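A.B. asks:
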Amino acid sequence: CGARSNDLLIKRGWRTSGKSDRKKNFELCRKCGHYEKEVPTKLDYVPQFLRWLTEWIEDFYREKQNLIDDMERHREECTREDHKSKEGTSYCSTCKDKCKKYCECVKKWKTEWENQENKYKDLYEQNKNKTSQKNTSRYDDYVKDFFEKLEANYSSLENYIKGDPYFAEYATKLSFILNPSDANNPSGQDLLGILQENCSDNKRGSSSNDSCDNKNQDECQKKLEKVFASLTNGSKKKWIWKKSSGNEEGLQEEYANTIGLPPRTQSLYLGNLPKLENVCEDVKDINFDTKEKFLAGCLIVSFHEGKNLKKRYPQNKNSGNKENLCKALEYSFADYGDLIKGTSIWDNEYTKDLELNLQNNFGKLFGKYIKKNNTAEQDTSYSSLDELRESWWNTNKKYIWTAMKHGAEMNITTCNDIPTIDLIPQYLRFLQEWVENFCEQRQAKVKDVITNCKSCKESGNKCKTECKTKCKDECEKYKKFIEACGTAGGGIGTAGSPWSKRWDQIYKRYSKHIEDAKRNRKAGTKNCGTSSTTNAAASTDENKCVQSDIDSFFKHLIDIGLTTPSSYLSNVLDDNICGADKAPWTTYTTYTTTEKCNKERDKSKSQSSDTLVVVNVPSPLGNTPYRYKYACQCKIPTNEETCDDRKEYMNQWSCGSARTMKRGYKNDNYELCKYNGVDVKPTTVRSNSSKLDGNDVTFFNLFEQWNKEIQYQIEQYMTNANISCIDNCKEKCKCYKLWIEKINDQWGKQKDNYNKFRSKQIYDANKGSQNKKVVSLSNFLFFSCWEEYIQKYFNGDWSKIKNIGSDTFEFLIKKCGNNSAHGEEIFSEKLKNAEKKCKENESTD
Amino acid sequence: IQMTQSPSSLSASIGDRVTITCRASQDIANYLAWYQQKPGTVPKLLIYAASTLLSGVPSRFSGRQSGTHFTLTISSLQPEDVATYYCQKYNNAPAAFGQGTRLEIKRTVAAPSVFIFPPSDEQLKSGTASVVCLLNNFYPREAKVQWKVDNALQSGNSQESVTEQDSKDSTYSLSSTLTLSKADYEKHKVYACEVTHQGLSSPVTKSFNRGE
Amino acid sequence: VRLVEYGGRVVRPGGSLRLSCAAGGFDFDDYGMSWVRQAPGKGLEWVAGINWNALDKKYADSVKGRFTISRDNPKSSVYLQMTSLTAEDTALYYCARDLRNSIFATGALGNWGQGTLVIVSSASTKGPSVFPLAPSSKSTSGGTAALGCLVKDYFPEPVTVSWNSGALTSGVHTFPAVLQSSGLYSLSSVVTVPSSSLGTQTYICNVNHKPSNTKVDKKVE
Amino acid sequence: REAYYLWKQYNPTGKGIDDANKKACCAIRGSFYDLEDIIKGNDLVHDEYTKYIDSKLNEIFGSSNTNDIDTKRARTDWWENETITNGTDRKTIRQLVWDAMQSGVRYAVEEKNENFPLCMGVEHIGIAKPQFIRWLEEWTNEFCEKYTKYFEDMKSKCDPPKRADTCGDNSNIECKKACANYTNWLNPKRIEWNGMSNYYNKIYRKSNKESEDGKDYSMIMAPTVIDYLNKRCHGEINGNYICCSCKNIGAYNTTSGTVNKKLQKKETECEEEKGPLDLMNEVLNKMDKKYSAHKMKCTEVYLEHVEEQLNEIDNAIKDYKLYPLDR
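Residue numbers (this note's numbering), protein chains in the order written: chain U, 1 to 845; chain F, 1001 to 1212; chain E, 2001 to 2221; chain C, 3001 to 3327.
(1) Determine, for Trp2046(E), whether the minimum Cβ-Cβ distance to residues of chain F falls below 8 angstroms.
(2) Could you check whether the region 62-75 of chain U touches the region 97-110 of chain U, counting it as contact only if at least three pairs of C-beta atoms, one from each stretch, sit closer than 8 angstroms?
(3) Just to confirm, is the Cβ distance from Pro2074(E) to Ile482(U) under 8 angstroms?
(4) Quick one: Cα of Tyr160(U) to Cα of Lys19(U), how far?
(5) What did DSSP end up calling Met1003(F) once you bin it into helix, strand or coil?
(6) Which residues mark the beginning and the end of the alpha helix (DSSP H) in which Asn394(U) is found?
(7) Please list the partners that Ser567(U) has in chain C, where partner means a Cβ-to-Cβ separation under 8 angstroms.
(8) Let me know the secondary structure DSSP gives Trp1034(F) once reduced to three states.
(9) Who are the neighbours of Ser2102(E) on chain U, taking C-beta pairs under 8 angstroms?
(10) Here's the rule: buried if 16 or more other CB atoms are within 10 angstroms of the residue's CB, otherwise exposed. What is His3046(C)?
(11) How would you call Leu3263(C), buried or exposed, if buried means at least 16 neighbouring beta carbons within 10 angstroms?
(12) Using 8 angstroms as the threshold, is the region 3177-3197 of chain C in touch with the region 471-491 of chain U, meaning 3 or more CB pairs across them?
(13) Is it right to say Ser2165(E) is buried, meaning 16 or more other beta carbons lie within 10 angstroms of its own, or is it exposed?
(14) Which residue's Cα is closest to the Cα of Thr2106(E): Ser2182(E), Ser2197(E) and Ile2069(E)?
(15) Any heavy atom of the ligand GDP within a distance shorter than 7 angstroms of the CB on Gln426(U)?
(16) Distance, Cα to Cα, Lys1182(F) vs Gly2025(E)?
(17) Between the C-alpha atoms of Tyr331(U) and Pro618(U), what's the straight-line distance to the nearest angstrom?
(18) Going by other Cβ atoms of all chains shown within 10 Å of its Cβ, with 16 needed for buried, is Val774(U) buried or exposed?
(19) What do you reckon, are the CB atoms on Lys501(U) and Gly489(U) nearer than 8 angstroms?
(20) Rounded to whole angstroms, what's the CA-CA distance from residue 1213(F) to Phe2067(E)? Just pull it up for me.
(21) Rounded to the nearest angstrom, what separates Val1042(F) and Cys545(U) at their Cα positions?
(22) Closer than 8 angstroms, Cβ to Cβ, to anything on chain U: give me those residues from the region 3170-3185 of chain C, in chain order.
(23) Could you give the C-beta distance for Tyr1085(F) and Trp1034(F), rounded to a whole number, given that I count them as a contact under 8 angstroms?
(24) Spatial neighbours of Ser235(U) within its chain, please: C-beta separation below 8 angstroms, excluding the five flanking residues on both sides.
(25) Apart from the five residues just before and just after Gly2007(E), which ones in its own chain have a Cβ nearer than 7 angstroms to its Cβ?
(26) Taking a Cβ distance cut-off of 7 angstroms, strictly less, list which residues of the region 1090-1114 of chain F are near chain E, in chain order.
(27) How about the region 371-378 of chain U and the region 271-289 of chain U: do they share at least three Cβ pairs that are nearer than 8 angstroms?
(28) In its own chain, which residues sit with a C-beta less than 6 angstroms from the C-beta of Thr2083(E), not counting the 5 before and 5 after it?
(29) Step through the CB atoms of chain C and report whether any lies within less than 8 angstroms of the CB of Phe288(U).
(30) Give the secondary structure of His83(U) by DSSP, where H, G and I count as helix, E and B as strand, and everything else as coil.
(31) Please check if any C-beta of chain F sits within less than 8 angstroms of the C-beta of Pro2176(E).
(32) Measuring CA to CA, which of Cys103(U), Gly163(U), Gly748(U) and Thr587(U) is closest to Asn2101(E)?
(33) Who are the neighbours of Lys203(U) on chain F, taking C-beta pairs under 8 angstroms?
(34) Determine the burial state of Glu292(U): buried for a count of at least 16 other Cβ atoms within 10 Å of its Cβ, exposed for fewer.
(35) Hey, could you find the ends of the alpha helix (DSSP H) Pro3188(C) is sitting in?
(36) Does the region 781-792 of chain U come close enough to the region 696-711 of chain U to have 3 or more Cβ pairs within less than 8 angstroms?
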């Protein structure tokens, strides 16, 4: 887990294969075992003595033959051209002499071949280790077979012995065979500037301004002197939201199934190369030995990408314009940047081999510099290779961008630079591109709904043939675009799943980044304004400088707001791409209808609530264009159902309800008050006989709950009046005076239920009179208000042991009336004081 | 952030194509809206998102954008499109309006009927000077008025007022009011207004003497 | 769908004034609001803007620190508190809404109010003074002379001027008001008539200064 | 001193070495987060004290040219970031406050001669969920502990004890006590739950720029408050990051999952229930199974109580008013 994603895990690394030759299987071919999350290595069940038959042997092999292979850095240090005057001190007297001795010394490398390899391969000292008195002890029980099969007995088996261990990598040049036949075709220190590049991850408010830190390194560049251009001669279409790129396209393990890989990105030219040496078909050998040689290859590949984008958008995705091609070019440029910096969040067959070869290139060339593994300075060599690659891309990007523009065409009159989009995390760039696609398709699907389905010439008019022919069919096209899974009407973008599902995955990932990037330890400069803030590093060089990595970007992206993809997207999107209906990404429309048709949350159309009235709440990804909930699917909303979006008087109660509903009933047995969101159990099994009836107890509880809640509610909307005071042509024609006229209706229902309940005590108190059992509304409401006092002004109602407040009584009788059996009015007056606005009347002034 | 809108007084005739430019200094990529204001009314938003025509606006309007050059185009100018257009940008901070382009009906050149209305005796009783030169029914709008007090140049003592392009004849009327004290009023004899108009071959003098 | 402003008043320079803007069938809870001022005979100028939840308030550079904007959603109002008013802030102030509900202060102003005059001066609401403009035999140019009266020093809120109780309509070129150095408005209301008609009929110009309730009906020779 | 008195409130009431300690530590976490929000200006309560404290803190951290956002940022990074320099390690104000909390707990534990709990030993305290969410978790935890308390009381006392209810722990007059406690505690909790759920439904998955108040709730993605609390109350309370648990609440005495939809049709929408915590609506409307066993006699004895207590109220109004009638 310490290793970063680019660190190229298990580096057993032949081109999508190895010493146990395989095809594309998984990211053992060729990186990131920590995310692979299984153990892909068996060098460990390699027994510890076979891992000393590796540690003595293969560890020798790699690191110490590397001491004479690659830590024998090269023989390029002759230093012949230039004469030297002063040196200050001489330390390399033994360096080169013991470097040539370092393969000719009888006392360090012949006393590392026929003395130390007497412990490795030519074992003269511990000859083919036989028995140890001052030598290795083995635990033979699992390593005994090695003695016979390698040391001092028969040694003939499959590649089960040799071939998988690194065997011949050290100048093995046996030439005992001659081949006369020809199987050949036709023959054939550093500078370090730092900057403050102003990213514009926006066009709108953006509380604070962005400024990322990048490291130019002019010594890593061509030399100078811009534009020059002439050379030539160098179809997917499905966002692959899939993942773990098993071996085909897809997203890294950590972004798997989470953001979707644009077809443009999976089709870009560089990503379709397993080499940079393959950049030109004509040339068939290594080409990159200098910084300018390496740069020219990137120039070629960028130019060819520009050529491809021209061949694709103008005019096959472009309408003779330039904005579309320009946006695609910007995105491809940023993807090139990520792909060479190694921070890309996607994969295919050629990536993870391109990255290997790219590490080798950025290795040799430019490598020298990098070395300050511990560092100490900051002009200084780039600490780790990855930062060196980042600096190489932060410089040298000008040349790539101009190459891209040349590859397209523009270059003077159709270009009129360096867009800063390459400084935005690839996740956010993918999110923006995917959303722009969705908004394009949505705009297409909404144009015709707006033209047709506005009631007759506006969304609100006579319903007379709302569907002038079938405008509901246009609304249904829009529904099948939003809800279906790509085959029954769904568009390009999502891959087999509804937009709601894909958006949910995007939100999960975005918030994952937000939480991680500031519950972090190391990040960039803040301007504290947000939630999940505890990490050690929030760094900078100058004032207000973010550290340019993903967490720092999500630190500056948070902390100005933008904690959710909705808000970030409303900030960055152009203006009006979402469609003719002015649907903002920040508003949340909770739509609810027949379960998403093709891929199903546990049903289609009959199992649950979501089956037929599907509750899901995205931004205006909604199944109607943000205002045509009623314009589609005809006649305009009634005054009553304009409460359900005005939403100051919500839906909890039904039959006896501040809350706009009912269930009946109209008989003796048994009209009842129902709560919305819970179902009364009409089972009379709850009860017993000859007492309060089975339905009577559930009624009494529902009624007393109604009483208390609706009294609280009417006080909230009357004294507070939801604002004071008091409280269309106002808010008090619709949504008010609309439930007041409901309360009367359903206090009447509740008055009917309770006078008829005392009449079910003509069914129950004729059994139990006169306790009257249950007491009438007057007396019960009296008791209810008195309990309301005794409970929360008298330290728990059970303090009713002593009732006297001794001067509260005047207030209490004023609020609650005297002489109980008079408590009908304690509620009726609150309805006769459900007035003074409706009343209304006049009003006074 | 500024919004340079030009031209400022574009003229045209019914049936012409009218183009208005609203160069934006910074990048606003398409957060620009166009507003039309007739004299004495509230503005009306015609186009937002720099191209999206607002519903109910006649389709003869259009808006397009090139980088930071936004252009509003009236394909067929109609007599009810004579107004001022403002091109307010609304991307982030100052949401500032444009300078304002005022369309006018283009007609044949005319000549102001110059007048030299002198002060009145009871205005003298009041004690100031109310010398007024009148330019009537002239066109085009550009016209210069000068004051000669006994053939001496005047500056900072006259004031200018202009009527809007009159609807029935597309002509302008101008009034120059020259104000002086009693002292420097009777300190001089002859008051003249000089009219310099493109439709006049030569500047026209209209003068009087206080004793006249 | 219905915005009205209150608070238009004549204030002393450096004083303070609070404008208010109501809202109608408009759901004044998730739409940004803006205040835009237009000086007399000038171009519009954005002044203030407030977000839907009033967490984002932006001001024009000129009116900054001197201007404060605020909402009150339950009352469905938006207010602009103005302090240290200068003589240059005299303008017709409109309140406008975004036509799109969003999370930003500034946006395309779709619906506008009628606006309120916020004339700023140190004047005293002094009534008008009418002065006649006699014609001459010289003014008989092309068989056409002109008759006029100028209203002088009639601050504030310019005046309606008619001719012969509105009998004359052709040729009546009533020039717009103008703020001279004294801080008092003035204008003229000339009218062109056939010079032959001079001395034949009678001409009276009628001025109505509502703020001072002044009615002057002057016959001109 | 707040931590000291808070520990004194929780721990000596029940000597469970973990349960009391873990509950006290969760309460102290909540109090510390509330203190942090008072400093940062995010607090939802402007009472007689915090209103003036908030205003004058704005004064202290403000300036002439500082707007509200700048002032809030100044308070936030004065608290969170190390705006104090000391001869000791790089302690930030948050760390100093938490160390003070720990010291108070140590004082209380020393006085009781107990052992300092392992929880409260954590040096760094995680992020604070938004104040409303923290209060929602507190409400749920308190509701569930008091629900188990009251329902076990009514179970073993009113509705038939293990000893033949007619000969149970009740003479039909103290069973009234248990049912009274349950019904009276339940009634306000229903209104409170309705209010909190209605606020959650308008607050979840909102950034700073979208939420009605300026604070962000991006971290809370859950369609309904019940689903959120299902994710949250899923575990057993420990002291860190899980300050609530819900066992056997509502209707049945098992945990997640008693009946999964994995075997019939994916998925199971809880998630995860801790009792089909939809039962929160049923339990608050007294429609759960557990109460339905007790519904009958609870209601009848409630009516008897209403009757007699009303025969008392009618003669007490006339008692102490003494102007209208008897007593």
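Note that beta-carbon positions come from the ideal geometry of N, C-alpha and C, so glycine has one too.
C.D. replies: Working from what's here:
(1) Counting from one through the third sequence, the residue named residue 2046(E) turns up at place 46. So yes, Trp2046(E) belongs to the interface.
(2) Touching, per the Cβ criterion.
(3) Residue mapping note: residue 2074(E) aligns to position 74 of the third sequence, counting from 1. Residue mapping note: residue 482(U) aligns to position 482 of the first sequence, counting from 1. No.
(4) As a working mapping, residue 160(U) is identified with position 160 in the first sequence. As a working mapping, residue 19(U) is identified with position 19 in the first sequence. Whole-angstrom Cα-Cα distance: 11 angstroms.
(5) Taking the first residue of the second sequence as position 1, residue 1003(F) is located at position 3. If DSSP states are grouped into helix, strand and coil, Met1003(F) belongs with the strands.
(6) The residue you call residue 394(U) lines up with position 394 of the first sequence. Segment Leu385 to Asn394, the alpha helix (DSSP H) holding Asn394(U).
(7) Position 567 of the first sequence, counting from 1, holds the residue named residue 567(U). Residues of chain C with a Cβ closer than 8 angstroms to the Cβ of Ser567(U) are, in chain order, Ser3207, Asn3208, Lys3209 and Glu3210.
(8) The sequence position of residue 1034(F) within the second sequence is 34, counting from 1. In the structure shown, the three-state DSSP call for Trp1034(F) is strand.
(9) Reading the third sequence from its first residue, position 102 is the one you call residue 2102(E). Among the residues of chain U, those whose CB is under 8 angstroms from the CB of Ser2102(E) are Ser570, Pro584 and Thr586, following chain order.
(10) By one-based count along the fourth sequence, residue 3046(C) stands at place 46. Exposed, by the Cβ-count rule.
(11) To locate residue 3263(C), count along the fourth sequence from 1; it is residue 263. Around the CB of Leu3263(C), fewer than 16 other CB atoms lie within 10 Å, so the residue is classed as exposed.
(12) Verdict: no, contact absent.
(13) The sequence position of residue 2165(E) within the third sequence is 165, counting from 1. Classification for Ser2165(E): exposed.
(14) Here residue 2106(E) refers to the residue found at position 106 of the third sequence. Of all alpha-carbon atoms in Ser2182(E), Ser2197(E) and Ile2069(E), the one lying nearest the alpha-carbon of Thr2106(E) is that of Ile2069(E).
(15) This structure lacks the ligand GDP, and indeed carries no ligand of any kind.
(16) Counting from 1 along the second sequence, the entry for residue 1182(F) is found at position 182. Counting from 1 along the third sequence, the entry for residue 2025(E) is found at position 25. Rounded to the nearest angstrom, the two C-alpha atoms are 60 angstroms apart.
(17) Along the first sequence, one-based indexing puts residue 331(U) at 331. Along the first sequence, one-based indexing puts residue 618(U) at 618. When rounded, the distance between both Cα atoms is 27 angstroms.
(18) As a first step, residue 774(U) must be located in the first sequence, where it is residue number 774. It is buried - the Cβ of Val774(U) has at least 16 other Cβ atoms within 10 Å.
(19) Taking the first sequence and counting its residues from 1, one reaches residue 501(U) at position 501. Taking the first sequence and counting its residues from 1, one reaches residue 489(U) at position 489. Judged by beta-carbon spacing, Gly489(U) lies beyond the 8 angstroms limit of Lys501(U), meaning their Cβ atoms are not closer than that value.
(20) Residue numbering for chain F in the displayed model covers 1001 to 1212; residue 1213(F) lies beyond these limits and cannot be assessed.
(21) In the second sequence, residue 1042(F) corresponds to position 42, counting from 1. In the first sequence, residue 545(U) corresponds to position 545, counting from 1. Between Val1042(F) and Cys545(U), the C-alpha separation is close to 45 angstroms.
(22) Listed in sequence order: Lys3177, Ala3180, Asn3181 and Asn3184.
(23) In the second sequence, the residue the question calls residue 1085(F) occupies position 85. In the second sequence, the residue the question calls residue 1034(F) occupies position 34. Confirmed, Cβ separation roughly 6 angstroms.
(24) By 1-based counting over the first sequence, the position of residue 235(U) is 235. Answer for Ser235(U): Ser267, listed in chain order.
(25) On the third sequence, residue 2007(E) is found 7 positions in, with the first residue counted as 1. These residues qualify, in order along the chain: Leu2017, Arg2018, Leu2019, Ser2020 and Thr2116.
(26) Per Cβ criterion, the list reads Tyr1090, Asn1092, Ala1093, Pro1094, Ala1095, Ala1096, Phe1097, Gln1099, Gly1100 and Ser1113.
(27) The region 371-378 of chain U makes no contact with the region 271-289 of chain U; the number of CB pairs closer than 8 angstroms stays below 3.
(28) Translated into positions along the third sequence, residue 2083(E) becomes position 83. Exclusion of the five residues before and after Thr2083(E) leaves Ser2016 and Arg2066 as the residues of its chain whose Cβ lies within less than 6 angstroms of its Cβ.
(29) Here residue 288(U) is taken as the residue at index 288 of the first sequence, counted from 1. Output row for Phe288(U): interface = no.
(30) In the first sequence, counting from the first residue as 1, residue 83(U) sits at position 83. Looking at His83(U) - three-state DSSP - the assignment turns out to be coil, as it is neither helix nor strand.
(31) Position 176 of the third sequence, counting from 1, holds the residue named residue 2176(E). True, the Cβ-Cβ gap to chain F drops below 8 angstroms.
(32) Residue mapping note: residue 2101(E) aligns to position 101 of the third sequence, counting from 1. Taking only the C-alpha atoms, the option nearest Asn2101(E) is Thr587(U).
(33) Against the first sequence, residue 203(U) aligns to sequence position 203. Correct list: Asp1027, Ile1028, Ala1029, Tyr1031, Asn1091 and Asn1092.
(34) To locate residue 292(U), count along the first sequence from 1; it is residue 292. By the beta-carbon neighbour count (other beta carbons within 10 angstroms, threshold 16), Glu292(U) is exposed.
(35) Against the fourth sequence, residue 3188(C) aligns to sequence position 188. Under the DSSP assignment, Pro3188(C) falls in the alpha helix (DSSP H) whose first and last residues are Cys3175 to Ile3203.
(36) Touching, yes, given that three or more Cβ pairs across the two stretches are closer than 8 angstroms.
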